[PDB]
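Survey of secondary and tertiary structure
Here are the chains, one letter per residue:
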Amino acid sequence: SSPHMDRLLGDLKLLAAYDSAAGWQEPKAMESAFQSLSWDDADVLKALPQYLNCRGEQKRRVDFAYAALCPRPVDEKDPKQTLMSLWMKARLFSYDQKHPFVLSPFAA
Amino acid sequence: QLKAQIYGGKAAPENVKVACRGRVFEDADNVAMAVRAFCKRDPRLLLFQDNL
Amino acid sequence: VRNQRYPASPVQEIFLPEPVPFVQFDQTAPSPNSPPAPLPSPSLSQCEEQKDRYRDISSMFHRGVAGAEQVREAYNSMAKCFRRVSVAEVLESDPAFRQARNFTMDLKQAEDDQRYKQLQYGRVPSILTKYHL
Amino acid sequence: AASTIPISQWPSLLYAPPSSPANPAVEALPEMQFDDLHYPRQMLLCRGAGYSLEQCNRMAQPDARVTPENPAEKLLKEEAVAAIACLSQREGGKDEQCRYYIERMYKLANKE
Amino acid sequence: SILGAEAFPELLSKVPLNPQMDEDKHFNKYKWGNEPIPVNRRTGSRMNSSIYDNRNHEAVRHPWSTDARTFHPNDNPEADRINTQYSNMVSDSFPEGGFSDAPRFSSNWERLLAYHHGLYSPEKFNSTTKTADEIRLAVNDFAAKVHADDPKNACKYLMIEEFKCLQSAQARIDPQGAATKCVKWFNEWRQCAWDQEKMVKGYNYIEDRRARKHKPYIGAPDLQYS
Amino acid sequence: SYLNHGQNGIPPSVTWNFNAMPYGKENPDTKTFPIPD
Amino acid sequence: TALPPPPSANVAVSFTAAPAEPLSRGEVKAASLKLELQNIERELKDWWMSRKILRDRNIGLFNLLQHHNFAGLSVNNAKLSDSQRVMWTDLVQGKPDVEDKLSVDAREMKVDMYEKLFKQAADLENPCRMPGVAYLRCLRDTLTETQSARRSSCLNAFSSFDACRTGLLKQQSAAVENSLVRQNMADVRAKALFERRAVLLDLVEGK
Amino acid sequence: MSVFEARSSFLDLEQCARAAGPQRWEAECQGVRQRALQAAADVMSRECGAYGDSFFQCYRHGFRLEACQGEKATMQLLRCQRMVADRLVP
Amino acid sequence: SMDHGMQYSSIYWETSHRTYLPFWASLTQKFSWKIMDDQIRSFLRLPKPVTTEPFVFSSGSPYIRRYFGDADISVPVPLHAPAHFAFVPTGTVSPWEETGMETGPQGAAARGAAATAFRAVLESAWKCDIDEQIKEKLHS
Ligand SMILES: CCCCCCCCCCCCCCCCCC(=O)OC[C@H](COP(=O)([O-])OCC(O)COP(=O)([O-])OC[C@@H](COC(=O)CCCCCCCCCCCCCCCCC)OC(=O)CCCCCCCCCCCCCCCCC)OC(=O)CCCCCCCCCCCCCCCCC
Ligand SMILES: CCCCCCCCCCCCO[C@@H]1O[C@H](CO)[C@@H](O[C@H]2O[C@H](CO)[C@@H](O)[C@H](O)[C@H]2O)[C@H](O)[C@H]1O
Ligand SMILES: CCCCCCCCCCCCO[C@@H]1O[C@H](CO)[C@@H](O[C@H]2O[C@H](CO)[C@@H](O)[C@H](O)[C@H]2O)[C@H](O)[C@H]1O
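Residues numbered from 1 in each chain as written, not as in the entry; some residues may be left out. Chains lettered and ligands numbered in written order. Part of a larger assembly, values for the part shown. Heavy atoms only, no water.

In the PDB header, cryo-EM is given as the technique by which the entry was determined, and 2.8 Å as its resolution.

As annotated in the PDB entry, chain C carries the name ATPTG11 and is attributed to Toxoplasma gondii.

The name that the PDB entry assigns to chain A is ATPTG10, with the source organism given as Toxoplasma gondii.

Have a look at this one:
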């Protein structure tokens, strides 16, 4: 009854697992993670092309959140990393366009 | 002049600078005196890119 | 407990070390020159066992002799079966994915392209822009 | 083979890490930034200018000085969308069902 | 209504987040197995280090009661350390979760007095180790600020390097140990400051004539130095 | 009134000692750049 | 000063003095009152010790700063030279600018003095350091000019500098006000606790 | 921002919905909806931030710490959110 | 228990190690030309070192030389009582207090923008879920 939260936390765990398996030289584990990285979400799939064409304040919010979560720059040559990054950004974009983010500590 | 001599009087990269023992030189500085000041009797120079 | 990469560590490491693995694909099999065939469009006519087993296990858990792992497994199988049709609907309706569906390309064009020249990361702006200087 | 890195070589380990199956952009590691002072500084400057808390919160904007975006997201757009469609349809590419698109992207990006 | 159905893909698909979880849950997807990080390296207390200290290898004493079991650095590491990333390297010299010598003050004035006397700082006691990404973010922000301060300065990269070494050595939780490593870059920065000052303000000296035996051997080359 | 029955300065925030200075022919805590032969 | 420890029995009393009859309602109520009193005393001690420690520490800090001849945003130092005071008041409240009466060398010297002072005052963690240094760098660039021509060029940086300045001033004012309010609330609460303890001691019973 | 305020906001939402009807509620009751959601969100943040920060720390450290072992790091957060919801919306 | 200690290690001379001392070494003695050179300089009016002048021109701030019984042994001492400055506001920091646990802007900033952003993302996702629940409840 909390699919958004559940899938967010799961994707984060899977990113961490991919990083750990890369550090420990484990192709089997990292491919297992990549396969388990929730690719069958219609909402994120529909938001993907919207994020690929967004611009301005919404894009800046989403990029700020994605830098908060995953600040390390992925290699511009690794399509798996690129795709996981795109998927996470699309998920954040969906969450934002449903209910925008409030990133400032000052708020009321 | 040193940079031009290194790069053959051709277009050098951007923001290239010289250092000795970790200390950056100004482009309008004499190499001999800069070495005398920063790396005395250790003239090993390094060319790096200063983007920062 | 560790399974050493070099059982003969003093000798093996020298003349036959292990390279960094490649995970994008196997690299030992041929490269397909054709895309995958479009799988049949799904529907809710294939959720029979998923739904019935989820119901059974949820009842048995409400009793207290089932557990939670089985519940999660069954629910996720059923949810995958539904997400199949959801994704099919999205792909067939949304127009931005029609090109992706009928996308085709060959290794020769891939090697002949020249977009790799522009894959350089940018540069973060100056911190003085925060104060507007 | 992979020998221990003493504590004195960690600063170089941070900006020149060893090779891995999933490496970062070492040339861009000095460009990864995330300012924790963005909003505090913004509020301080605005309140010094003379605005109120509400005006400051309405004028606030997220930081643009963050880690740059991957150029692949703009150059390999169509190939990435096709790969993601393949994954969504084929359960994440199990048993090499998106090798086609993945290899096309890899070739485009690497060029031998 | 079950809790957290779609939130444990690691459990549904046997994906281990680390070799420890792999060994525990028996997924067996790590080809090289797992060498457990012992407890003396997973947790522990701050210890004295110098051999010129009488209480060497003994836990540090605090005003509050503290478990005296110390964190033991890895002194005899195995030859193969497959993961040579900062994540796996930092565990040989610090515990990722921080030391186990943090206080729970019964009152606020005890905290006040400890701080006033220099025996407590939350920055030092209630905290974990810094991740490589955090270290890099901090270093890059500091470098940007220094460059904005003065681009035409020679000791800029030296200051950046001492900052970097402090961050890498975790000076927040081991200030003395980290200063022991970064005082060298501090000294180099001091030297560069003097050098820049003497180049700006023309300061030179009368050099004496060349010595009669400047060359040890006549056939030896007298390489000229500025 | 008993609040002022006892303030010269304050205790030092940090301290530096001689044993904190590194030493060693091989110790890399003393090596910044190689010294010429 | 302290009292001597209380006297103890010389012969060992183990349990001979224990009660042989259960307590009564009045004794139970007296025990409850004793517990209330000890809680009140604990609260009072916390307040008093915090107040005492903070007062001592802050007076010591003030004496140390006065001993080392420090000056802050609130210029409350009498041992300052008039020139140093003018320069600091220009950096804090006014506008640093070189006068046309001076020669170019003296203008360079004045700007160097400003820069040295401000860099010793503000560290890299300080927000106003970058705007201040930028404004002084603009001054260095525009030395060989008049104030009228220099304003148009340096205003864009002086604006940010003044903004950070006023921000710090407002921070200081708000800190003073909030600390006063919190202190007064705590003291009032302590006084009320003391009166409650007084009435409970008038009601206490036993010997 | 408090539990009382959030509960009052949800009561306003429900009464305005009963007034409007099942057909025009989503169009006529947007502001009250947003206010109620924001109040409930402030409550959730205040009452479950510790668990969120703990999960963030575990994710940063790759779930290598002691408190990150098992599934408690996630179950605690989910349970806190469920409790907050069950305390607010009904 | 440190003074007047016993011989803790052995003293020895290894076989055939040289000594470099002749038999008249005890009658030998040292000598420095510095005293005679100073006398000669004073008598011939040769250039004096600037250390003879107490005032120090080697810096901008006033320094005066303190001599230890001879012009050859001196240390410069600064005269100024330096005024120090702090571009800092007072009462804006309480380091003893752990601020990451208190709720507020100061708390979030003692924490970081990353934690605050993560909290906001969780907030948004939770709001999505609760909106779905509200819809399914009020539609009934
Ligand atoms: C098998 C190999 C063959 C192939 C050869 C290959 C090699 C070829 C290359 C050559 C070798 C080069 C190798 C490198 C050398 C580097 C190392 C080195 O040299 O120093 C190491 C070595 C290291 O020592 P050290 O600890 O480092 O100290 C260094 C000091 O700088 C020095 O230390 P020191 O100063 O303390 O030692 C000096 C010592 C010795 O110094 C001297 O004595 C000066 C030399 C004077 C010689 C002439 C006087 C002879 C008198 C003889 C008369 C005796 C009575 C007659 C009896 C006849 C019947 C037996 O002084 C004393 O011990 C006390 C004597 C003080 C009095 C001296 C002055 C008075 C002289 C007159 C006597 C008057 C007495 C009056 C008494 C008072 C009365 C009132 O140096 C020495 O030991 C120096 C002395 C060496 C003496 C060796 C004894 C054997 C000598 C014979 C050699 C072979 C002879 C061959 C035949 C020819 C003779 C017939
Ligand atoms: C026709 C020209 C004269 C032909 C004869 C040349 C003979 C020269 C060899 C003599 C030995 C020189 O050895 C050494 O070299 C030069 C002088 O030459 C001196 O060098 C020093 O004084 C000279 C002044 O002339 C300076 O330029 C030099 O910077 C300084 O190092 C040394 O004090 C001397 O010790
Ligand atoms: C009772 C009778 C007394 C008789 C007195 C006789 C006095 C004779 C004094 C001669 C002293 C010469 O002293 C020596 O001379 C040479 C050149 O001449 C100097 O010069 C030499 O060394 C210096 C540098 O080392 C350079 O000038 C140069 O490399 C070389 O020419 C020496 O620095 C000096 O040490």
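Following the structure, the description resumes.
A separate point is the overall build of chain A. Counting its secondary structure elements, chain A contains 5 helices and 0 strands. Sequence-ordered secondary structure for chain A, helices as α and strands as β, is α-α-α-α-α. With respect to the principal axes defined by its C-alpha atoms, chain A has extents near 45 × 30 × 25 Å. Looking at chain A residue by residue over its 108 residues, the buried ones come to 77%. Pairs at least 24 residues apart make up 74% of the contacts formed inside chain A by residues separated by at least 6 positions. For chain A, the exposed surface amounts to about 3,100 Å²; the carbon and sulfur share of it is 48%. (Helix = DSSP H or I, 4+ residues; strand = E, 2+ residues; numbered from the N terminus. Buried < 20%, exposed > 50% of the residue type's maximum accessible area, 1.4 Å probe, protein only. Contact = heavy atoms within 4.5 Å. Areas by Shrake-Rupley, 256 points an atom, 1.4 Å probe, with all protein chains shown as cover.)

All names here are of chain B. Overall, antiparallel pairing links the 3 strands, which are arranged β2-β1-β3 in an open sheet. Each edge of the sheet is formed by a strand with only one pairing partner; in this case those strands are β2 (23-24) and β3 (46-49). Bridging between strand β1 (residues 16-20) and β2 involves 2 bridges; their strand directions are antiparallel. Of the residues in β2, the one forming a bridge with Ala19 is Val24. (Pairing = 2+ DSSP bridges.)

Let us look at the packing of helix α5 (residues 108-117) of chain E against helix α1 (residues 25-67) of chain G. Interhelical geometry of α5(E) versus α1(G) gives an angle of 20° and a closest axis separation of 8 Å. When the axis of α5(E) is compared with that of α1(G), the two are roughly parallel. Seen along the crossing, α5(E) lies across α1(G) with a hand that is left-handed. Contact with α5(E), carried on its side by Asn108(E), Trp109(E), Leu112(E), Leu113(E), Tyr115(E) and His116(E), involves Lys45(G), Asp46(G), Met49(G), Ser50(G), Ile53(G), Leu54(G) and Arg57(G) of α1(G) and no other residues of that element. Classifying every residue of the contact of α5(E) with α1(G) gives 7 nonpolar, 3 polar and 3 charged. (Axes fitted to C-alpha atoms, helices over the stretch in contact; angles between N-to-C directions. Parallel < 35°, antiparallel > 145°, perpendicular 65-115°, else oblique. Left-handed = near helix turned anticlockwise from the far one by under 90°. Nonpolar A, V, L, I, M, F, W, Y, C, P; charged D, E, K, R; others polar.)

With that settled, consider unusual backbone geometry. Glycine aside, a negative phi is what most residues show, and trans is what most peptide bonds show. Unlike most non-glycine residues, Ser38(A) shows phi in positive territory, near 35°. Of note, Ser38(A) is situated in the loop between α2 (27-36) and α3 (42-51). Accessibility expressed as a relative area gives 15% for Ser38(A), which makes it buried. A positive phi angle, close to 60°, is found at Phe63(H), a residue other than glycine. Mapping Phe63(H) onto the fold places it in the loop between α3 (31-60) and α4 (72-88).

What follows deals with the nonpolar core. The biggest cluster of nonpolar side chains holds 150 residues, and the ones touching the most others in it are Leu12(A), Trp39(A), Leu83(A), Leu92(A) and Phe34(D). Counting residues per element, this core draws most heavily on α3(H), which supplies 12 residues. The residues touching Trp39(A), leaving out its near neighbours within four places in the chain, are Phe34(A), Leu83(A), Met84(A), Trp87(A), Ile84(D), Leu87(D), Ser88(D) and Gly92(D). (Core = buried A, V, L, I, M, F, W, Y, C linked by side-chain atoms within 4.5 Å.)

Every α-helical turn comprises 3.6 residues, leaving residues that sit three or four positions apart pointing alike. Among all positions in α2(A), only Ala29(A), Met30(A), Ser32(A), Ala33(A), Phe34(A) and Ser36(A) are buried. Trailing α2(A) by a residue or two, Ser38(A) shows a phi angle of about 35°, which is positive.

This brings us to the sheet that holds strand β1 (residues 55-56) of chain I. Residue and element names in this part refer to chain I. If you walk across this open sheet you meet the 3 strands as β1-β2-β3, and the pairing is antiparallel. One side of each edge strand has no neighbouring strand; the edge strands of this open sheet are β1 and β3 (74-78). Sheet topology note: the strand β2 (residues 63-67)/β3 ladder contains 5 bridges and is antiparallel. Residue pairing across strands places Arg66 opposite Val75, the latter belonging to β3.

Turning our eyes to something else, we now look at the site of ligand 3. All names here are of chain E. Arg209, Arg210, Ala211 and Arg212 make up every residue found near ligand 3. In the environment of ligand 3, an oxygen atom lies 2.5 Å from a nitrogen or oxygen atom belonging to the side chain of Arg209. Its free accessible area being 780 Å², ligand 3 has 18% of it covered by the protein chains. Looking at side-chain class alone, the shell around ligand 3 contains 1 nonpolar, no polar and 3 charged residues. (Near = heavy atom within 4 Å. Polar contact = N/O pair within 3.5 Å; in protein donor to acceptor, adjacent residues only side chain to side chain.)

Inspection of every chain in the model, using the stated rule, returns 38 aromatic pairs over all chains. Judged by centre distance (5.1 Å) and plane angle (50°), the rings of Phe34(A) and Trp39(A) are tilted. What links up through ring pairs into an aromatic cluster is the set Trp88(G), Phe118(G), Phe161(G), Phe85(I) and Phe87(I). Its guanidinium or amino end placed over the ring of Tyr66(A), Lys89(A) lies 4.6 Å from that ring's centre, counting from NZ or CZ. Its guanidinium or amino end placed over the ring of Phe125(E), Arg46(E) lies 4.9 Å from that ring's centre, counting from NZ or CZ. (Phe/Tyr/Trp six-rings, centres within 6.5 Å; stacked < 30°, edge-to-face > 60°. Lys NZ or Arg CZ within 6 Å of the ring centre and 35° of its normal.)

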